[PDB]
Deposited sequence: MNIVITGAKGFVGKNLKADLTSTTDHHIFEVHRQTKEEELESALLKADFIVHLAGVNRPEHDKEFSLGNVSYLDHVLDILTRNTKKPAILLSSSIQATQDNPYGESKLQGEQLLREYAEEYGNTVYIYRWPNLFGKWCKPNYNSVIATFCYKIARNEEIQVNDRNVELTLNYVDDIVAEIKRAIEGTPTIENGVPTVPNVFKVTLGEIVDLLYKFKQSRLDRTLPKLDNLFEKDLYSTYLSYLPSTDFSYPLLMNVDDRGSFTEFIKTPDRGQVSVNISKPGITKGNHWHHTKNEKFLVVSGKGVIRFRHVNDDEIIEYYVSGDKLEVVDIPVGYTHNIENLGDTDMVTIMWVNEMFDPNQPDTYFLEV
């Protein structure tokens, strides 16, 4: 079908368009405030569904929605209309009152012409293509912090009610096919978050500093997860990468990749053609060795024993070798090319309280 998006050059617009063009077969007609009146009528008349995302001469009727509905008046089919209103319609301030006037206008128009309408009262939004140093405080904070530019926070206790652009787009796609999410008898976007400005700033700064301490976001917390992804989007195009700390010597190198306080950490060990590393055991520290290039052996020997157990392994067949506690173990490069072993460990490395003890074989 034909979908027209008013305010298509906006934050939600660019996102909805990108998704719809890739995820669907529908013909998408974009409408922005620089779309000659000629095509505006064109697209509107062709329309099967209208996603009205656009905004709201010091005198005179300048309502854009009014104009749009006016033109749709000559549309054979009764295309459904989606109206993005605000939770501000409640409050009594110019912005809220304006958005309220828009709903009212649309319901009246609907009762006369019969178009099915989906009116949502969205809260503040956040997500990737929002513009910084404009209206969105989150986009501004992400953009600045990712550039070590200082930010200004008047009150960290200020609460924010939000919806992530991903939900917004998923809900619109659901309305587009007549299955909107209803709650309290009205269409309403799911997963609304209530967060403090302070919590946001902390999270953002943590995201930036996580680059250095190889830290990760708590991914089972929806808001944090969504915030992390949007933060990444405001990254300078020349700052997508960062150098890791390689510990180098004659045997090769050992590099930490990812560290977490609850699921261990993973590092990369590189061993030169003939060296052997290890020959030690642990009380409770334990690992998972995975060689992704080269070939060699991982040897074990229970502390109270003489039998040596060997595990020949290489990058051709990917297999993990657990390192059970209480066994000294070592790993050796048996090939002529560097051996690279990915190592997962159940805890952070601490030279003061190490849990590793030297013991050959």
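Deposited positions lacking CA coordinates: Seq positions lacking coordinates: 57-64, a single run.
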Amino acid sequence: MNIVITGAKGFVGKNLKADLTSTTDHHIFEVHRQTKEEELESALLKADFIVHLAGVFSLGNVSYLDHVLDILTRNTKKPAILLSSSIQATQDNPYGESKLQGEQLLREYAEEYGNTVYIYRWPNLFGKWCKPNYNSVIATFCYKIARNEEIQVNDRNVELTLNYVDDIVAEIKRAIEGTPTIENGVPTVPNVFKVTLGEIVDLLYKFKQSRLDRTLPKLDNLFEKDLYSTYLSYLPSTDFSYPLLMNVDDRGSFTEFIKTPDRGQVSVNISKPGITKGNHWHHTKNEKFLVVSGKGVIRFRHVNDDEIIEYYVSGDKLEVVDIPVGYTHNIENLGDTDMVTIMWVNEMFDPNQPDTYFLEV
From here on, numbers count along this sequence of modelled residues.
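Mean C-alpha B-factor comparison - 133-141 and 210-218, higher one: Going by the record's values, the stretch with the higher mean is 133-141.
Mean C-alpha temperature factor, higher of 340-348 and 20-28: It is 20-28.
Deposited CA B-factor, highest of 165, 192, 268, 151: Within the set 165, 192, 268, 151, 151 shows the top C-alpha B-factor.
Residue, from 177, 287, 199, 226, that the PDB entry assigns the highest Cα B-factor: Top of the list by C-alpha B-factor: 177.
Third of the chain, ranked by Cα B-factor, where residue 65 sits: Its C-alpha B-factor belongs to the middle third of this chain's values.
Among modelled residues of the same chain, the CA temperature factor third for residue 323: For residue 323, the deposited C-alpha B-factor lands in the lowest third.
Residue 280, C-alpha B-factor rank within chain (lowest, middle or highest third): Ranked within chain, residue 280 CA B lands in the middle tercile.
Relative C-alpha B-factor of residue 247, binned into the chain's lowest, middle or highest third: Its C-alpha B-factor, which the entry lists for residue 247, ranks in the middle third among residues of this chain.
CA B-factor placement of residue 234, once the chain's modelled residues are sorted into thirds: Lowest third, going by the recorded CA B-factors of the chain.
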